[PDB]
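One structure is given below, encoded as structure tokens.
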Amino acid sequence: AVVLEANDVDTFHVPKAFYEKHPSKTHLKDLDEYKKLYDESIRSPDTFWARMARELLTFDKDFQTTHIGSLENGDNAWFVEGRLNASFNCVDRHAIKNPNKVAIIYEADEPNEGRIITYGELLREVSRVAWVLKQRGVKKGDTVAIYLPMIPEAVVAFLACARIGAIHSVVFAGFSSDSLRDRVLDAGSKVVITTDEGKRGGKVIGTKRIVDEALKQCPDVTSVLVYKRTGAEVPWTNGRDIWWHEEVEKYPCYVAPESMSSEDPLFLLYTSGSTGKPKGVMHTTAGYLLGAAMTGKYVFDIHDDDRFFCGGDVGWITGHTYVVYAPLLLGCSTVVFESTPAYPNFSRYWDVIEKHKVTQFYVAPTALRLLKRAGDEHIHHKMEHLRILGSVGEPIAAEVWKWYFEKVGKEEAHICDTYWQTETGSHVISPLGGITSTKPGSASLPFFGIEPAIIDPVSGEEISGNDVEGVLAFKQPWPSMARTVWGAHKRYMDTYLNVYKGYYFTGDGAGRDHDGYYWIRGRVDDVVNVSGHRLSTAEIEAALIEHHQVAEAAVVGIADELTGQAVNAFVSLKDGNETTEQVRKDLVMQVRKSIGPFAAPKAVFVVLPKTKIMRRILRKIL
Ligand SMILES: CCCOP(=O)(O)OC[C@H]1O[C@@H](n2cnc3c(N)ncnc32)[C@H](O)[C@@H]1O
């Protein structure tokens, strides 16, 4: 009984109403077909992933070799001779079948201020922005920084970069000017797409003013594409800044999509790591797109006429994979939500679902716990078409699971706790919608092409059998796996492939129970997740140490109901001219200037245990 977190927890089947209220049948017949297809995906993956790639993707030129490389050397290449384009698979091929089919369902910050975009309209707007970038010097292989909020213009900026072969480096709207500047210089981006101002939950985000303050140290940026979101008077540097609505009307509504290799870099997504500077994880085209289409088809049970809603932001891989690519690849409607879960009221999430007849909802448990405390007077909507409920970022608690199952799902929808990371590109351990039975707090079985292993951290040896515990690792590579860390492959190898040779190291502790289910126990390294943002404790410590009156700094993350994790900072202060309260206030703002407002610590305590600072003694006292 080594796995104590699985003691007495029971299996939860798919509700009988799921099958009764289903428009069609699910993609897999039963649980055995999963096992049959899963064992095929790990025994002979070369034949498996080849059949899947041609069913879900349409290539310019066919491929011959499914996979070469290994995890030992970090030289993985998938579908090496194939050629394709991301914009074609997301827009063009669906617009060819029927251009009047809905692609994007835009729900603006204020209710009843959105719009509905068809695949034909999406192809035109993507083609126009593609032309604007081409006429601004964007060539194949260049990087473009996307500093946009959750407006439909963000999805257009994604595929416009992919249509011409550019590499889009999306920066979460709300990072400080210093964070944006660093992500621009590291990727060498010469073009940046942004808005004049942002509108989230009634508050205004001065995006354009942040970009201006960031570009003061980014000289190589020569083009800024600004979209008029609020129309407020914003600083304008002429010759460099250009208005979206002005430049868009100059160029044709169609452009030919650049043929890309399977292993051409598709995008960069900068992810905070265990140490040093935030590193830009890279994903190629064919493998990543196949990962998104596969998980959408089998985890979320996405069909043609479905309406998909993911609460994640585009600044995160959740919005990358499941707001943009996975739904559009499969040809359904994706909901682009610009507001907060509690604006103007706590029923907003469900207001959108009922209005747009959403079939699949994807939320973080941190947002569920906040709405659960508010009261059940807000969730009185029928939400008749809600079929798959998804959680991400943390294991869903048994009490939160029941609320998600009864109030939202009406005891008729399948809850899927999906475990994955930015470097996985898509779900790796998750239940299959309408197939896999679940356990509250467990991520259920692994996905196709995911061979998980429990590793003894001290011994570095794999622990076989069930009812085992250790750290989580993958034995063989999968198509969606990240290919490198931009500008630092050595850092990529040491972080993910040199910890346990022949394995991919997730950086999480895990356990496997008697039934074979997996239980994610959280990060092993110095990494925390606050409000959906992945932060490094070492990075926050460096910002605090920069203060002239901070001798040393120590930051540790503990559990928190409001934001998943809470960053608590221990600081040592020399004598100074201003009091501790002023320094305490000045220490929080200093972190906001380096990283952002969300990186602000919950509390700072002027105090230092050492032998090497013991993080455990600092956490346990809290
Ligand atoms: C994909 C969400 C955002 O991705 P990021 O790369 O920012 O963070 C991934 C990490 O979030 C946790 N995590 C994510 N999903 C779960 C999950 N379902 N259960 C437990 N922990 C989870 C795991 O520690 C993981 O290494």
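Residues in the structure tokens are named by chain (A, B, ... in the order shown) and by number from 1 within that chain; ligands are numbered from 1 in the order shown.
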Give me the chain A side of the contact with ligand 1, cut-off 7 Å, one line per residue showing its nearest atom pair and distance in Å at one decimal, counting only C-alpha atoms and all ligand atoms, sorted by chain and residue number, as a Markdown table.
```
| residue | atom | partner | partner_atom_place_in_ligand_line | distance |
| --- | --- | --- | --- | --- |
| A:271 | CA | ligand 1 | 6 (O) | 6.9 |
| A:316 | CA | ligand 1 | 3 (C) | 6.6 |
| A:317 | CA | ligand 1 | 3 (C) | 6.0 |
| A:318 | CA | ligand 1 | 1 (C) | 5.7 |
| A:391 | CA | ligand 1 | 18 (N) | 6.5 |
| A:392 | CA | ligand 1 | 18 (N) | 4.6 |
| A:393 | CA | ligand 1 | 14 (C) | 3.4 |
| A:394 | CA | ligand 1 | 20 (C) | 3.8 |
| A:395 | CA | ligand 1 | 19 (N) | 4.0 |
| A:417 | CA | ligand 1 | 18 (N) | 5.1 |
| A:418 | CA | ligand 1 | 18 (N) | 4.4 |
| A:419 | CA | ligand 1 | 18 (N) | 3.5 |
| A:420 | CA | ligand 1 | 1 (C) | 4.9 |
| A:421 | CA | ligand 1 | 9 (C) | 3.7 |
| A:422 | CA | ligand 1 | 6 (O) | 3.8 |
| A:423 | CA | ligand 1 | 6 (O) | 6.5 |
| A:443 | CA | ligand 1 | 18 (N) | 6.1 |
| A:506 | CA | ligand 1 | 26 (O) | 6.1 |
| A:507 | CA | ligand 1 | 26 (O) | 6.3 |
| A:508 | CA | ligand 1 | 24 (O) | 5.7 |
| A:520 | CA | ligand 1 | 20 (C) | 4.9 |
| A:521 | CA | ligand 1 | 20 (C) | 6.8 |
| A:522 | CA | ligand 1 | 24 (O) | 4.9 |
| A:523 | CA | ligand 1 | 24 (O) | 4.9 |
| A:529 | CA | ligand 1 | 11 (O) | 6.9 |
| A:532 | CA | ligand 1 | 3 (C) | 6.8 |
| A:533 | CA | ligand 1 | 7 (O) | 6.2 |
| A:534 | CA | ligand 1 | 7 (O) | 4.7 |
```
Near-residue 542 of chain A list (12 Å; only C-alpha atoms; drop same-chain fewer than 2 positions) as an mmCIF file with N, CA, C and O atoms, in the first residue's frame:
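Listing of around.cif after writing:
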```cif
data_model
loop_
_atom_site.group_PDB
_atom_site.id
_atom_site.type_symbol
_atom_site.label_atom_id
_atom_site.label_comp_id
_atom_site.auth_asym_id
_atom_site.auth_seq_id
_atom_site.Cartn_x
_atom_site.Cartn_y
_atom_site.Cartn_z
ATOM 1 N N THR A 275 16.234 26.990 -12.985
ATOM 2 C CA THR A 275 17.292 27.944 -12.682
ATOM 3 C C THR A 275 17.624 28.763 -13.920
ATOM 4 O O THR A 275 17.262 28.410 -15.046
ATOM 5 N N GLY A 276 18.319 29.874 -13.689
ATOM 6 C CA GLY A 276 18.654 30.799 -14.746
ATOM 7 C C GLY A 276 17.447 31.517 -15.332
ATOM 8 O O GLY A 276 16.368 31.604 -14.733
ATOM 9 N N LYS A 277 17.646 31.995 -16.558
ATOM 10 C CA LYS A 277 16.726 32.854 -17.288
ATOM 11 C C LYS A 277 15.601 32.019 -17.900
ATOM 12 O O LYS A 277 15.779 30.826 -18.168
ATOM 13 N N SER A 536 9.692 30.341 -11.321
ATOM 14 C CA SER A 536 10.875 29.789 -10.680
ATOM 15 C C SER A 536 11.129 30.537 -9.381
ATOM 16 O O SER A 536 11.167 31.772 -9.371
ATOM 17 N N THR A 537 11.297 29.791 -8.288
ATOM 18 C CA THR A 537 11.624 30.429 -7.018
ATOM 19 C C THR A 537 12.978 31.126 -7.090
ATOM 20 O O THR A 537 13.164 32.203 -6.511
ATOM 21 N N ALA A 538 13.936 30.524 -7.800
ATOM 22 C CA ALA A 538 15.249 31.141 -7.959
ATOM 23 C C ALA A 538 15.158 32.461 -8.714
ATOM 24 O O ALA A 538 15.883 33.413 -8.405
ATOM 25 N N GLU A 539 14.271 32.537 -9.711
ATOM 26 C CA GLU A 539 14.096 33.784 -10.453
ATOM 27 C C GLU A 539 13.549 34.894 -9.560
ATOM 28 O O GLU A 539 14.018 36.037 -9.626
ATOM 29 N N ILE A 540 12.569 34.579 -8.708
ATOM 30 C CA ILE A 540 12.036 35.588 -7.793
ATOM 31 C C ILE A 540 13.094 36.004 -6.777
ATOM 32 O O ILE A 540 13.209 37.186 -6.432
ATOM 33 N N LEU A 544 14.639 39.885 -5.813
ATOM 34 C CA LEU A 544 14.672 40.454 -4.470
ATOM 35 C C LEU A 544 16.090 40.833 -4.066
ATOM 36 O O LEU A 544 16.305 41.878 -3.441
ATOM 37 N N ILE A 545 17.070 40.001 -4.427
ATOM 38 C CA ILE A 545 18.467 40.277 -4.115
ATOM 39 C C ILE A 545 18.960 41.536 -4.813
ATOM 40 O O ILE A 545 19.923 42.161 -4.355
ATOM 41 N N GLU A 546 18.320 41.926 -5.919
ATOM 42 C CA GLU A 546 18.716 43.134 -6.633
ATOM 43 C C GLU A 546 18.489 44.400 -5.817
ATOM 44 O O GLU A 546 19.151 45.410 -6.078
ATOM 45 N N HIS A 547 17.573 44.378 -4.848
ATOM 46 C CA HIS A 547 17.349 45.557 -4.022
ATOM 47 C C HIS A 547 18.613 45.890 -3.241
ATOM 48 O O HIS A 547 19.301 45.002 -2.733
ATOM 49 N N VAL A 550 18.708 44.393 0.318
ATOM 50 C CA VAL A 550 18.429 42.971 0.486
ATOM 51 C C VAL A 550 19.743 42.214 0.347
ATOM 52 O O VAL A 550 20.298 42.109 -0.754
ATOM 53 N N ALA A 551 20.242 41.680 1.465
ATOM 54 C CA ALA A 551 21.498 40.936 1.440
ATOM 55 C C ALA A 551 21.300 39.554 0.825
ATOM 56 O O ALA A 551 22.046 39.150 -0.074
ATOM 57 N N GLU A 552 20.301 38.816 1.304
ATOM 58 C CA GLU A 552 20.006 37.479 0.808
ATOM 59 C C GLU A 552 18.500 37.338 0.652
ATOM 60 O O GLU A 552 17.724 38.143 1.174
ATOM 61 N N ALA A 553 18.089 36.303 -0.078
ATOM 62 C CA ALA A 553 16.676 36.073 -0.332
ATOM 63 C C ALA A 553 16.419 34.580 -0.464
ATOM 64 O O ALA A 553 17.265 33.829 -0.957
ATOM 65 N N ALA A 554 15.237 34.161 -0.021
ATOM 66 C CA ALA A 554 14.814 32.773 -0.142
ATOM 67 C C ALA A 554 13.314 32.746 -0.384
ATOM 68 O O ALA A 554 12.555 33.377 0.358
ATOM 69 N N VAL A 555 12.891 32.015 -1.414
ATOM 70 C CA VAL A 555 11.490 31.947 -1.813
ATOM 71 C C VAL A 555 11.078 30.484 -1.902
ATOM 72 O O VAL A 555 11.779 29.673 -2.516
ATOM 73 N N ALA A 569 8.390 34.746 0.560
ATOM 74 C CA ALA A 569 9.773 35.178 0.421
ATOM 75 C C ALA A 569 10.363 35.477 1.791
ATOM 76 O O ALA A 569 9.730 36.151 2.611
ATOM 77 N N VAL A 571 13.568 37.376 3.396
ATOM 78 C CA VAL A 571 14.537 38.384 2.991
ATOM 79 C C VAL A 571 15.365 38.814 4.194
ATOM 80 O O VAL A 571 14.876 38.877 5.326
ATOM 81 N N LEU A 587 9.686 45.878 -2.034
ATOM 82 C CA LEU A 587 10.176 44.571 -2.452
ATOM 83 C C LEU A 587 9.176 43.842 -3.336
ATOM 84 O O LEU A 587 9.578 43.078 -4.220
ATOM 85 N N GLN A 590 9.304 45.540 -6.813
ATOM 86 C CA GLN A 590 10.519 45.184 -7.539
ATOM 87 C C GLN A 590 10.352 43.863 -8.281
ATOM 88 O O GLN A 590 10.861 43.700 -9.396
ATOM 89 N N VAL A 591 9.643 42.906 -7.676
ATOM 90 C CA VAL A 591 9.373 41.646 -8.362
ATOM 91 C C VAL A 591 8.437 41.877 -9.539
ATOM 92 O O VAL A 591 8.568 41.242 -10.593
ATOM 93 N N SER A 594 10.435 43.171 -12.568
ATOM 94 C CA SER A 594 11.284 42.192 -13.239
ATOM 95 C C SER A 594 10.451 41.165 -13.995
ATOM 96 O O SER A 594 10.672 40.933 -15.189
ATOM 97 N N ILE A 595 9.487 40.541 -13.320
ATOM 98 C CA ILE A 595 8.684 39.490 -13.934
ATOM 99 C C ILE A 595 7.303 40.026 -14.296
ATOM 100 O O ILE A 595 6.976 40.179 -15.479
#
```
Selection near residue 116 of chain A, 10 Å with only C-alpha atoms, sequence-local residues under 6 positions removed, as an NGL selection string: :A and (102-107 or 152 or 333 or 335)
Please produce a file of the residues just selected, as a PDB file, in the first residue's frame, where the atoms kept are C-alpha atoms.
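And here is the file that came out, out.pdb:
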```
ATOM      1  CA  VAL A 102     -18.068  28.745 -37.624  1.00  0.00           C
ATOM      2  CA  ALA A 103     -14.413  28.730 -36.556  1.00  0.00           C
ATOM      3  CA  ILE A 104     -14.078  31.265 -33.713  1.00  0.00           C
ATOM      4  CA  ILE A 105     -16.757  32.201 -31.173  1.00  0.00           C
ATOM      5  CA  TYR A 106     -15.553  35.486 -29.668  1.00  0.00           C
ATOM      6  CA  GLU A 107     -16.931  36.414 -26.237  1.00  0.00           C
ATOM      7  CA  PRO A 152      -9.755  36.776 -31.989  1.00  0.00           C
ATOM      8  CA  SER A 333     -15.638  26.004 -33.139  1.00  0.00           C
ATOM      9  CA  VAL A 335     -14.439  29.918 -27.854  1.00  0.00           C
TER      10      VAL A 335
END
```
What does the structure give for the distance between atom CA of residue 9 of chain A and atom CA of residue 513 of chain A, in Å to one decimal?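 According to the coordinates, atom CA of residue 9 of chain A and atom CA of residue 513 of chain A are separated by 10.6 Å.
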Long-range neighbours of segment 451-456 of chain A as a list in words, 6 Å cut-off, only C-alpha atoms, 4 positions minimum in chain: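 The filter keeps residues 460, 461, 462, 463, 470, 471, 472, 473, 474 and 475 of chain A.
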Write to file, as an mmCIF file, in the first residue's frame, the residues of the selection just made, with N, CA, C and O atoms.
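As a result, selection.cif now contains:
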```cif
data_model
loop_
_atom_site.group_PDB
_atom_site.id
_atom_site.type_symbol
_atom_site.label_atom_id
_atom_site.label_comp_id
_atom_site.auth_asym_id
_atom_site.auth_seq_id
_atom_site.Cartn_x
_atom_site.Cartn_y
_atom_site.Cartn_z
ATOM 1 N N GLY A 460 18.134 6.117 -9.167
ATOM 2 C CA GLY A 460 18.073 6.350 -10.597
ATOM 3 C C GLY A 460 17.561 5.160 -11.383
ATOM 4 O O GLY A 460 17.685 5.124 -12.611
ATOM 5 N N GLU A 461 16.970 4.187 -10.693
ATOM 6 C CA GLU A 461 16.490 2.961 -11.308
ATOM 7 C C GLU A 461 14.971 2.979 -11.422
ATOM 8 O O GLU A 461 14.271 3.547 -10.579
ATOM 9 N N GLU A 462 14.470 2.350 -12.482
ATOM 10 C CA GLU A 462 13.033 2.259 -12.691
ATOM 11 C C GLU A 462 12.418 1.267 -11.715
ATOM 12 O O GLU A 462 12.942 0.169 -11.507
ATOM 13 N N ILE A 463 11.297 1.655 -11.118
ATOM 14 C CA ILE A 463 10.543 0.790 -10.221
ATOM 15 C C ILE A 463 9.377 0.204 -11.003
ATOM 16 O O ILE A 463 8.510 0.940 -11.489
ATOM 17 N N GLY A 470 7.626 7.320 -6.792
ATOM 18 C CA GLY A 470 8.898 7.922 -7.147
ATOM 19 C C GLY A 470 8.731 9.187 -7.964
ATOM 20 O O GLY A 470 7.864 10.012 -7.663
ATOM 21 N N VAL A 471 9.560 9.359 -8.991
ATOM 22 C CA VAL A 471 9.452 10.491 -9.901
ATOM 23 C C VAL A 471 9.010 9.974 -11.266
ATOM 24 O O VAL A 471 9.225 8.811 -11.621
ATOM 25 N N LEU A 472 8.383 10.858 -12.038
ATOM 26 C CA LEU A 472 7.735 10.488 -13.291
ATOM 27 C C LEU A 472 8.671 10.715 -14.472
ATOM 28 O O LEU A 472 9.319 11.762 -14.572
ATOM 29 N N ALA A 473 8.722 9.735 -15.373
ATOM 30 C CA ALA A 473 9.563 9.819 -16.559
ATOM 31 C C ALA A 473 8.949 8.981 -17.671
ATOM 32 O O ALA A 473 8.146 8.077 -17.423
ATOM 33 N N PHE A 474 9.348 9.286 -18.904
ATOM 34 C CA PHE A 474 8.839 8.616 -20.093
ATOM 35 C C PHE A 474 9.969 7.856 -20.774
ATOM 36 O O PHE A 474 11.080 8.377 -20.918
ATOM 37 N N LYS A 475 9.680 6.624 -21.200
ATOM 38 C CA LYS A 475 10.739 5.734 -21.666
ATOM 39 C C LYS A 475 11.094 5.938 -23.135
ATOM 40 O O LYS A 475 12.254 5.740 -23.515
#
```
For residue 621 of chain A, work out the shell of residues within 12 Å, counting only C-alpha atoms and skipping chain neighbours fewer than 6 positions away, then give it as a PyMOL selection string. chain A and resi 556+558+568+570+609+614-615
Can you list every residue in segment 411-589 of chain A that DSSP puts in strand (DSSP E or B), as an MDAnalysis selection string? chainID A and resid 414:417 419 429 438 444 446 452:455 462:463 468:474 484:485 504:512 518:523 527:530 533:536 550:560 564:573
Could you turn the residues from that selection into a file that holds C-alpha atoms, as a PDB file, in the first residue's frame?
```pdb
ATOM      1  CA  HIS A 414     -17.248  13.084 -18.122  1.00  0.00           C
ATOM      2  CA  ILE A 415     -14.552  14.827 -16.084  1.00  0.00           C
ATOM      3  CA  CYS A 416     -11.006  14.528 -17.451  1.00  0.00           C
ATOM      4  CA  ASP A 417      -8.038  15.468 -15.257  1.00  0.00           C
ATOM      5  CA  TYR A 419      -1.707  15.988 -16.927  1.00  0.00           C
ATOM      6  CA  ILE A 429      -1.493  11.236 -18.940  1.00  0.00           C
ATOM      7  CA  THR A 438     -11.650   8.137 -13.264  1.00  0.00           C
ATOM      8  CA  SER A 444      -5.843   7.938 -15.019  1.00  0.00           C
ATOM      9  CA  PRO A 446      -1.263   7.370 -20.164  1.00  0.00           C
ATOM     10  CA  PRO A 452       5.567   6.219 -18.274  1.00  0.00           C
ATOM     11  CA  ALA A 453       8.107   4.997 -15.757  1.00  0.00           C
ATOM     12  CA  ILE A 454       8.453   5.421 -12.008  1.00  0.00           C
ATOM     13  CA  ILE A 455      12.081   6.099 -11.098  1.00  0.00           C
ATOM     14  CA  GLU A 462      13.033   2.259 -12.691  1.00  0.00           C
ATOM     15  CA  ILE A 463      10.543   0.790 -10.221  1.00  0.00           C
ATOM     16  CA  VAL A 468       5.009   2.069  -6.478  1.00  0.00           C
ATOM     17  CA  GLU A 469       6.147   5.639  -5.868  1.00  0.00           C
ATOM     18  CA  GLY A 470       8.898   7.922  -7.147  1.00  0.00           C
ATOM     19  CA  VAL A 471       9.452  10.491  -9.901  1.00  0.00           C
ATOM     20  CA  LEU A 472       7.735  10.488 -13.291  1.00  0.00           C
ATOM     21  CA  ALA A 473       9.563   9.819 -16.559  1.00  0.00           C
ATOM     22  CA  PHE A 474       8.839   8.616 -20.093  1.00  0.00           C
ATOM     23  CA  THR A 484      14.970  21.889 -28.087  1.00  0.00           C
ATOM     24  CA  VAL A 485      15.406  25.007 -25.967  1.00  0.00           C
ATOM     25  CA  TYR A 504      12.465  12.110 -20.475  1.00  0.00           C
ATOM     26  CA  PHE A 505      12.282  13.658 -17.000  1.00  0.00           C
ATOM     27  CA  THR A 506       8.990  15.444 -16.306  1.00  0.00           C
ATOM     28  CA  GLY A 507      10.279  17.015 -13.090  1.00  0.00           C
ATOM     29  CA  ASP A 508       7.273  15.751 -11.110  1.00  0.00           C
ATOM     30  CA  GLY A 509       6.907  13.203  -8.371  1.00  0.00           C
ATOM     31  CA  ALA A 510       4.322  10.541  -9.072  1.00  0.00           C
ATOM     32  CA  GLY A 511       2.907   7.221  -7.959  1.00  0.00           C
ATOM     33  CA  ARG A 512       1.171   4.291  -9.622  1.00  0.00           C
ATOM     34  CA  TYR A 518      -1.071   7.581 -11.952  1.00  0.00           C
ATOM     35  CA  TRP A 519      -1.050  10.215  -9.199  1.00  0.00           C
ATOM     36  CA  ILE A 520       0.872  13.444  -9.835  1.00  0.00           C
ATOM     37  CA  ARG A 521       2.544  14.653  -6.634  1.00  0.00           C
ATOM     38  CA  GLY A 522       3.875  18.016  -7.828  1.00  0.00           C
ATOM     39  CA  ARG A 523       7.219  19.430  -8.897  1.00  0.00           C
ATOM     40  CA  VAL A 527       9.274  25.488  -9.632  1.00  0.00           C
ATOM     41  CA  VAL A 528       5.800  26.643  -8.561  1.00  0.00           C
ATOM     42  CA  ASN A 529       2.536  27.444 -10.348  1.00  0.00           C
ATOM     43  CA  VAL A 530       0.567  30.519  -9.241  1.00  0.00           C
ATOM     44  CA  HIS A 533       1.586  30.958 -14.264  1.00  0.00           C
ATOM     45  CA  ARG A 534       4.672  28.761 -13.944  1.00  0.00           C
ATOM     46  CA  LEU A 535       7.377  30.540 -11.939  1.00  0.00           C
ATOM     47  CA  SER A 536      10.875  29.789 -10.680  1.00  0.00           C
ATOM     48  CA  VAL A 550      18.429  42.971   0.486  1.00  0.00           C
ATOM     49  CA  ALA A 551      21.498  40.936   1.440  1.00  0.00           C
ATOM     50  CA  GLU A 552      20.006  37.479   0.808  1.00  0.00           C
ATOM     51  CA  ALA A 553      16.676  36.073  -0.332  1.00  0.00           C
ATOM     52  CA  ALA A 554      14.814  32.773  -0.142  1.00  0.00           C
ATOM     53  CA  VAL A 555      11.490  31.947  -1.813  1.00  0.00           C
ATOM     54  CA  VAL A 556       9.394  28.802  -1.317  1.00  0.00           C
ATOM     55  CA  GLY A 557       5.949  27.844  -2.592  1.00  0.00           C
ATOM     56  CA  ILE A 558       3.202  26.349  -0.441  1.00  0.00           C
ATOM     57  CA  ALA A 559      -0.311  25.230  -1.304  1.00  0.00           C
ATOM     58  CA  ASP A 560      -3.034  27.862  -1.573  1.00  0.00           C
ATOM     59  CA  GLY A 564      -2.930  26.889  -6.406  1.00  0.00           C
ATOM     60  CA  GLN A 565       0.426  27.860  -4.905  1.00  0.00           C
ATOM     61  CA  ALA A 566       1.580  30.857  -2.872  1.00  0.00           C
ATOM     62  CA  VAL A 567       5.067  32.365  -3.085  1.00  0.00           C
ATOM     63  CA  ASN A 568       6.487  33.268   0.331  1.00  0.00           C
ATOM     64  CA  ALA A 569       9.773  35.178   0.421  1.00  0.00           C
ATOM     65  CA  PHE A 570      12.341  35.291   3.231  1.00  0.00           C
ATOM     66  CA  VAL A 571      14.537  38.384   2.991  1.00  0.00           C
ATOM     67  CA  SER A 572      17.546  39.667   4.926  1.00  0.00           C
ATOM     68  CA  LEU A 573      17.811  43.447   5.225  1.00  0.00           C
TER      69      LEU A 573
END
```
